[PDB]
Structures are given as structure tokens and as C-alpha cells.
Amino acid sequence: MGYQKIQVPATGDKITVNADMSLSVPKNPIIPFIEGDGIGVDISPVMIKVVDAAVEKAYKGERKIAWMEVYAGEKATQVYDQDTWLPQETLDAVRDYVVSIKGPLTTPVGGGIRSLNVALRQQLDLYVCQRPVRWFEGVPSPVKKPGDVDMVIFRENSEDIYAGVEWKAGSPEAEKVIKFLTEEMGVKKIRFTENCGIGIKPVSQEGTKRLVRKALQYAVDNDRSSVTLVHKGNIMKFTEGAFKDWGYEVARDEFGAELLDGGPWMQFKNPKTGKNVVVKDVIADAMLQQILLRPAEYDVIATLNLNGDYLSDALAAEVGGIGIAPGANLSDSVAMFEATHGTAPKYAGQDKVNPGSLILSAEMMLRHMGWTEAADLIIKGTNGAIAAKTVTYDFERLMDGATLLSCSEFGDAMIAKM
């Protein structure tokens, strides 16, 4: 409930969730969107227009998005009470309406928080962190063959050392944990027990299997070639090692994966395309080498929080796509797509920053709704504008003979290329 600030589109309808979490998407769906703080005023209108253009050229009016504006961050406090940085009404709107997109958000001053995005993650139980990575023709890249990178990283976001369970060194909290470890557990292998900060790395079967289960289903829902379990399990047998083993179980149990000629890898055939998927694993630090030497050999990646973070950032720099990084945070059904950059307060409203991040994360949204034809138009429009060197300042700094475009202008350049 809380239907007092959301103005539900009249010509809109709801996206719905059925068995297998498949999605029935009407041609006039309601998509909640959060404008985002700071430069959110700039990129979100451009996004809506670019998406509206792409949907409009692919289907010619048959399909159309009923944009509904929900509120979060500093705007929600000016729309809600000053205490409601994150309205329950907003959360109901994202839960009742499966799909939604959001821009960057300010962090509330002080408090037990350093991000509002984490507040949404915690409160909606968003445990997958999707981050596709590819090269766009014309983007300056530091590697000789950036076009060989075409991966989707599925990163767990509820577990691992990022949970935040940690205690300061030299603190009574730490000593009670440290001595408990050395007294009752027989913990050795610690080199310095005094003035020692401690952290906990939890990796469960549920949190592990619901990630790989999402990563595998994306491999068949999009007809991808392989799924890789990235892990540092040879040194952490029971967390990252347990992640791998649990990951291999899901493939065997819930997708019909057989041992490929004796393992350690597995493979099954897509039930809806007949193509041979592969389920393999790679050691984390080795993976960082592989993406430089043989990136063409990897497609979908399933990994833990820390590994996914380091791996996605490395790939982003590899394709010169740091500033245009698409991203999505998923639950069992809820799917929230986001721009990965900050709010950039100093440029707010000035129509300068790059909307590519939010635009491409919107391409994920369309891809996730089955509207792959509209999504391809966003990709084509992206390749077009960048190849033409009509880009925002961030790219113009790195190109020779480039044309500076504003945020809205760059969006229009995309629309003209699709």
C-alpha cells in the first residue's frame, strides 16, 4: 500500500511473474523509474526519450512504455517526510511492478549507511548483480583486440566479505572474537593476534545456488555458449571452493548437466534452442589473465561478490567502458536496472555528463523484457554515435577529431543512428 504519491498510468498495465519466473510482458507495461539525484535530472529524461525512440522504431506504436515515476533519495525527502529517504511506497511500487530503472542516488548524511543502493538491495533482497561488458566501435581501448570481450558477469551481492561483519583492531569486540577463535576453535595460522582487525566471509548454499540458478537460466534464455564459475577455491576450500561445488550441483540438478568426458567441467544442451552450453570453472587470479589473453573463450560468468567486483571493473577498463557501465540488481523476480556512476552534483542540470550508462542499462531492461529488437536498436544507435565520434565530454577527451555533444544531444545522436 501507500498509493498516495504514485500516479499510476491509466493506459498502463502490469508486468507479471509466473512459474519458472518467466515473464509475461504486455505491450503497454508500466515501468517505475527513479530520476536519481544530482545529474539524474539530465540522464533519465534522455534515457526515457532514447528508449521511447527505440521501442517506437522496432514495433511502430504496437508497444509503448507507461513511464511511472517513483521517488527515492533526496527527491523522496522533498516529496515524503525528511526522514523517508527511502519510502515504503517506492518499494511496493518496484515489487508490484517487476521491472524498473533508476539513476544515481545521494547518500543520506551520516547514519548507519554509506549508500542508498545498498538499502534497496537489503530491503528487496537483491542478490544478483548483472553487469554486461562489451566493446563499442570507436571507443578508445588500451588493448589490441577489445572486440573479443562479450561477457555477462553474474555477481552475488548478499554474501561474502562485503556483508560488513567486521570488528576494529584493538577493540574489545575483536578480542572476544579472536580469543574465542584461538581458545575454543583451536584457530592457528594467524600470525599476529594483537591489534588485529577481523572480518567474516560467509558463503551459503542458498545464496550460492540462487545466483548460479539465475546465471544458468540467462544462458538459456539468451542462447549463450558457456557459464564459468570463477573462484579462488584452491586456497579457500569451504567458501569459494564450496561456491564452485554448489554451482556445479545446480547445473547437474536443475538443468541436466552431465560430466564432459570426465569433468571437471560439465555441459548441457539448451532446452529451447538445442545449442551446447558449457559449465566450466576458472581460478579467480587466473581469470584476470584470461580476460586479457583469451577473452573470446568466455561468455557468462558466475562468481562471488569480491571476485565479480574486481573482474567487472577490469573488463570495463579493458573495453574503455568504465563511464558507460550498464548494471542490474535482481531478486527472485524484482529486477532493478541502474547507472553505475555517482551523482556528480557539480554538473547537475547542466546537460553535460554521459547518459550512456543509464541508456545501456535500459538496453538490459528491454533485453530482459523480451523486447530484443528494441534493445538491438539501442546497441546500433550506440555504435553509430560513437563511431561517428559525436560523444559527450568524457569520450571527447580521449578521441582525436571528435565532436563535443551535450547529454541530450548525444541521445538524439543515438536516435538518429538506430
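Each residue number is its position in the shown sequence, starting from 1.
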In the PDB record, does 260-268 or 209-217 carry the higher mean Cα temperature factor?
260-268
156-164 versus 183-191 - greater average Cα B-factor per the deposited record
183-191
Checking the record values for 398, 17, 407, 404, which has the greatest CA B factor?
17
Top residue by Cα temperature factor, when 111, 241, 295, 342 are compared in the entry:
111
Just say lowest, middle or highest third for the CA B-factor of residue 70 relative to the other modelled residues in its chain.
middle
Taking the chain's C-alpha temperature factors as the reference, tell me which third residue 80 falls into: lowest, middle or highest.
highest
Ordered by C-alpha B-factor within the chain, which third holds residue 58? Give me lowest, middle or highest, please.
highest
Among modelled residues of the same chain, the CA temperature factor third for residue 373
highest
Taking the values exactly as deposited, rank residue 389 by C-alpha B-factor within its chain and report the matching third: lowest, middle or highest.
lowest
